[PDB]
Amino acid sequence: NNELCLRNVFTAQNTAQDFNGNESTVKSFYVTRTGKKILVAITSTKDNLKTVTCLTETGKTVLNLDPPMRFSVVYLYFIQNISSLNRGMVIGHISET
């Protein structure tokens, strides 16, 4: 017997930084699981983001981004080394909306 843990995807916003250190607001995609959240991906019209801010209880954490993927034009970035399961959750969410 093993109970399925249903997870949710929630979008919000965060600050991201490009290679020149300039900040901008991005749409952020979180996977949540009863109390716990993980920042999985962001979207932006900017193709030059390098990092993104995630706010925790500990304070701010700065996360590296994987290269922008294309989908006036909006880019999707996954957070580096995020699990494939969490990636799948977010891809489905973006597609099913």
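All residue numbers are counted from 1 along the displayed sequence.
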Checklist outcome for this item: Gap between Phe71 and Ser72, counted in deposited residues with no coordinates, falls in the class 4 to 9
Item to check | Higher-scoring stretch by recorded Cα B factor average, 76-84 or 17-25 | outcome: 17-25
Checklist entry - Is the mean CA B factor in the deposited entry higher across 86-94 or across 1-9? => result 1-9
Checklist entry - Between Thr58, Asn48, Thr51, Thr45, which one tops the list for C-alpha B-factor in the PDB entry? => result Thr58
